[PDB]
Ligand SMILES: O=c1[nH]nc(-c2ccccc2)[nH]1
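Below sits a lone chain in structure tokens, taken as the form deposited without this ligand.
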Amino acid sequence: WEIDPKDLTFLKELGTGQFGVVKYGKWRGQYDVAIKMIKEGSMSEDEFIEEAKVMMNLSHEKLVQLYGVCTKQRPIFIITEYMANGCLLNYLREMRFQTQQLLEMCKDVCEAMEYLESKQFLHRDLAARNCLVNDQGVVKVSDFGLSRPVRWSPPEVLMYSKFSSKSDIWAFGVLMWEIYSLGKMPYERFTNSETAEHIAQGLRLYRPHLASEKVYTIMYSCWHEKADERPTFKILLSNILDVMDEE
């Protein structure tokens, strides 16, 4: 779990998107990593390590892997799976896409979230800005456990701060909409405060142009007023794979 920073080589400052930057390195001369800093005094060294251990046991191909941590200097740093094509949101906006590729992106994320659901691990901030794309165009979920969102939040979260797997389900629906809208911001004609109000009164996202009726049904199933009547990530993955068979 602990990392010696002398096992890091080929340290670089890379560009991502137009103005973004990433600290790149090689870990043990095999793994491409991004190096991220932990905010000082934001948690105990105890709390940090236990959370890092939970996160490192979360192993799935469509989760951005945490390879380890370094706590022997200030600030603490983490090293994560390097993702060449960067943020999914930026990726949606730049490029090109066939509708099959969009549904593939939804499947990738749904697999990741199915896994997290199976581990009873809540993401709490699922969104396109929190997904990354590798060189092969595979989408992976990131910014879980350690993180840096009204428009991604269900009523029960906005009103009562009730987080559950079903609040992640809701966010996933909004992420599907982000993907199929090619990276539009949800509820873009509303402010954060207006969004919270209107959502409580039953506002929902429109069907994106590129989404079929079946695709819309799936993302819309995520936005049921009652949390318990929203599907699971397993069900969603089934629904997505069925639509792939048909489309």
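Here the rigid core means the biggest group of C-alpha atoms that line up within 1.5 Å when the two forms are laid on top of each other. In case it trips you up, residue 1 is the first one in the sequence shown, and so on.
From this point on, the text means the form solved in complex with this ligand, which you will not see here.
Of the candidates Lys36, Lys214, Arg204, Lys184, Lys36 is the one whose heavy atoms come within 4.5 Å of this ligand in the deposited complex; the others do not.
Between this ligand and the residues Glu114, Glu104, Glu81, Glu156, the one pair within 4.5 Å by heavy atoms in the deposited complex involves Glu81. Among residues of the shown chain, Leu132 is one whose heavy atoms approach this ligand to within 4.5 Å in the deposited complex. Proximity of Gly137 to this ligand in the deposited complex falls outside the 4.5 Å heavy atom cutoff. A residue is said to contact a partner when one of its heavy atoms sits within 4.5 Å of a partner heavy atom; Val64 meets this definition for this ligand in the deposited complex.
In the deposited complex, at least one heavy atom of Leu14 sits within 4.5 Å of a heavy atom of this ligand. Following superposition on the rigid core between this form and the one not shown, the residue from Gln201, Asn192, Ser42, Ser59 with a C-alpha displacement of 2 angstroms or more is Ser42, and no other.
Once the rigid core is used as the reference frame, the Cα position of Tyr31 differs between this form and the one not shown by 2 Å or more.
After superposing the rigid core, the Cα of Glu13 is displaced by 2 Å or more between this form and the one not shown. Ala227 is not among the residues whose C-alpha shifts by 2 Å or more between this form and the one not shown once the rigid core is aligned; its shift stays under 2 Å. CA of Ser142 to CA of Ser44: closer by 3 Å or more in the deposited complex than in the shown form. Put simply, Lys23 and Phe10 come closer in the deposited complex: their C-alpha atoms are 3 Å or more nearer than in the form shown.
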